[PDB]
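J.: One file is attached below, final_12.cif, containing mmCIF, C-alpha atoms.
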data_query
loop_
_atom_site.label_atom_id
_atom_site.label_comp_id
_atom_site.auth_asym_id
_atom_site.auth_seq_id
_atom_site.Cartn_x
_atom_site.Cartn_y
_atom_site.Cartn_z
CA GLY A 105 -2.72 13.23 2.39
CA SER A 106 0.37 11.30 1.40
CA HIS A 107 2.74 10.44 4.25
CA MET A 108 5.26 7.66 4.95
CA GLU A 109 5.01 6.26 1.42
CA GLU A 110 7.81 3.77 2.13
CA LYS A 111 5.61 2.14 4.78
CA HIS A 112 3.39 0.70 2.05
CA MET A 113 6.41 -1.35 1.03
CA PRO A 114 6.77 -4.49 3.19
CA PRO A 115 10.29 -5.26 4.51
CA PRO A 116 12.52 -7.78 2.65
CA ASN A 117 11.27 -11.23 3.58
CA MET A 118 13.07 -14.58 3.55
CA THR A 119 16.70 -15.51 3.17
CA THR A 120 15.24 -18.33 1.07
CA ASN A 121 15.69 -15.84 -1.75
CA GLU A 122 19.06 -17.51 -2.33
CA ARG A 123 20.81 -14.95 -4.53
CA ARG A 124 17.69 -14.07 -6.41
CA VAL A 125 14.96 -11.55 -5.81
CA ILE A 126 14.75 -11.05 -2.03
CA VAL A 127 11.68 -13.27 -1.95
CA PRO A 128 10.82 -16.68 -0.38
CA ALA A 129 11.13 -19.70 -2.68
CA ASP A 130 7.37 -19.87 -2.05
CA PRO A 131 5.59 -17.20 -4.06
CA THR A 132 3.04 -17.12 -1.27
CA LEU A 133 4.89 -14.76 1.02
CA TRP A 134 6.14 -12.48 -1.74
CA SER A 135 4.80 -9.22 -0.38
CA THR A 136 2.68 -6.77 -2.38
CA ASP A 137 5.86 -4.95 -3.44
CA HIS A 138 7.89 -8.14 -3.71
CA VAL A 139 5.48 -9.59 -6.24
CA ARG A 140 5.68 -6.50 -8.32
CA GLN A 141 9.42 -6.66 -7.82
CA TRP A 142 9.93 -10.02 -9.50
CA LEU A 143 6.96 -9.40 -11.78
CA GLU A 144 8.73 -6.24 -12.99
CA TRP A 145 12.13 -7.96 -12.97
CA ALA A 146 10.36 -10.78 -14.82
CA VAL A 147 9.44 -8.76 -17.82
CA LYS A 148 13.04 -7.67 -17.45
CA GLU A 149 14.62 -11.13 -17.54
CA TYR A 150 12.23 -12.88 -19.91
CA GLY A 151 11.60 -10.17 -22.49
CA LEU A 152 7.88 -9.80 -21.86
CA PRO A 153 6.39 -6.96 -23.98
CA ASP A 154 2.73 -7.89 -23.61
CA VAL A 155 2.66 -7.53 -19.84
CA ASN A 156 0.53 -5.14 -17.83
CA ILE A 157 2.59 -5.49 -14.67
CA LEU A 158 1.15 -2.41 -12.92
CA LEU A 159 -2.06 -4.45 -12.51
CA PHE A 160 -0.48 -6.87 -10.05
CA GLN A 161 0.75 -4.04 -7.81
CA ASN A 162 -2.05 -4.89 -5.36
CA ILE A 163 -1.42 -8.62 -5.63
CA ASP A 164 0.92 -10.32 -3.21
CA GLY A 165 2.15 -13.90 -3.13
CA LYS A 166 -1.00 -15.25 -1.50
CA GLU A 167 -2.95 -13.97 -4.42
CA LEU A 168 -0.41 -15.02 -7.05
CA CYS A 169 0.02 -18.49 -5.56
CA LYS A 170 -3.68 -18.63 -6.27
CA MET A 171 -3.50 -17.37 -9.88
CA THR A 172 -4.02 -19.91 -12.57
CA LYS A 173 -3.09 -19.70 -16.26
CA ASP A 174 -6.49 -18.10 -16.87
CA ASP A 175 -6.06 -15.42 -14.22
CA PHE A 176 -2.89 -14.10 -15.78
CA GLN A 177 -4.54 -14.07 -19.21
CA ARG A 178 -6.92 -11.31 -18.10
CA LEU A 179 -4.07 -9.00 -17.16
CA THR A 180 -1.29 -10.44 -19.29
CA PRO A 181 -2.52 -13.02 -21.83
CA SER A 182 -1.04 -15.40 -24.41
CA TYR A 183 2.51 -16.69 -23.85
CA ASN A 184 3.34 -14.18 -21.14
CA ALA A 185 0.91 -15.70 -18.64
CA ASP A 186 2.49 -19.11 -19.18
CA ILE A 187 6.04 -17.73 -18.85
CA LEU A 188 5.31 -16.03 -15.52
CA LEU A 189 3.27 -18.84 -13.99
CA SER A 190 5.54 -21.62 -15.26
CA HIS A 191 8.25 -19.80 -13.34
CA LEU A 192 6.19 -19.28 -10.23
CA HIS A 193 4.97 -22.84 -9.87
CA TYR A 194 8.52 -24.14 -10.22
CA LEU A 195 9.80 -21.63 -7.68
CA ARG A 196 7.40 -23.11 -5.10
CA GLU A 197 8.53 -26.59 -6.09
CA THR A 198 11.11 -25.77 -3.42
CA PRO A 199 9.12 -23.60 -0.94
CA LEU A 200 10.27 -21.85 2.22
CA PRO A 201 9.63 -24.09 5.27
#
The structure in this file should be written as structure tokens.
T.:
Amino acid sequence: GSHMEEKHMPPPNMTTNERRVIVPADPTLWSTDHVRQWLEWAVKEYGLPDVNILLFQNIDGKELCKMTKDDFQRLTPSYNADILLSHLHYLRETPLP
């Protein structure tokens, strides 16, 4: 029973994405797919080999805005956790209002 697969993908969110990933400058409202979007695109921009990105597929911004350096280290440890999070926390330094 697999129907309307594209419905599981939330519509593009904020225009606060600037010219970046179509995601709010507050990694809180990055939707389930939009987290995986950057997260995928993140390994892509930052050269992250040790990253199990397909583990965050069920994590959206509300859950990643939560994530601490420890939480990434159980899915994607060492330097990769720090890369991702150090990007996320700076992104929300200028959040969507």
J.: May I ask for the distance between atom CA of residue 163 of chain A and atom CA of residue 110 of chain A, given in Å to one decimal place?
T.: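 Computing the Euclidean distance for atom CA of residue 163 of chain A and atom CA of residue 110 of chain A yields 17.3 Å.
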J.: Distance atom CA of residue 160 of chain A-atom CA of residue 139 of chain A, one decimal place?
T.: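 These atoms are spaced 7.6 Å apart.
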J.: In Å to one decimal, how far is atom CA of residue 200 of chain A from atom CA of residue 164 of chain A?
T.: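 Distance between the two atoms: 15.8 Å.
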J.: What's around residue 201 of chain A at 12 Å? Count only C-alpha atoms, leave out sequence neighbours fewer than 6 positions away in its own chain, and write the answer as a ChimeraX atom specification.
T.: /A:118-120,128-130,132-133
J.: Would you mind telling me which residue in A:188, A:125, A:195, A:171 lies nearest to residue 142 of chain A when using only C-alpha atoms?
T.: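 The closest residue to residue 142 of chain A is A:125.
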J.: Expand the PyMOL selection byres ((chain A and resi 115) around 10) into the explicit residue set it covers here, and present it as a list in words.
T.: residues 110, 111, 112, 113, 114, 116, 117, 118, 126, 135, 137 and 138 of chain A
J.: Find the residues near residue 149 of chain A: any atom within 12 Å, counting all atoms listed in the file, skip ones fewer than 3 places away on the same chain, and give them as a ChimeraX atom specification.
T.: /A:124-125,141-146,152-153,187-188,191
J.: May I have the protein, DNA and RNA residues with any atom at most 12 Å from the point (-5.3, -17.8, -11.4), counting only C-alpha atoms, written as a PyMOL selection string?
T.: chain A and resi 163+165-181+185-186+188-189+192-193
J.: Measuring atom to atom with all atoms listed in the file, identify which of A:155, A:183, A:107, A:131 is nearest to residue 197 of chain A.
T.: A:131
J.: Considering all atoms listed in the file, state which residue in the set A:148, A:159, A:199, A:184 is at the smallest distance from residue 122 of chain A.
T.: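 Closest residue, counting all atoms listed in the file: A:199.
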J.: For segment 143-162 of chain A, take all atoms listed in the file, fit an axis-aligned box around them, add 5 Å to each of the six sides, then output centre and edge lengths in Å rounded to one decimal, as JSON.
T.:
{"center_x": 6.3, "center_y": -7.6, "center_z": -14.7, "size_x": 26.7, "size_y": 20.5, "size_z": 28.6}
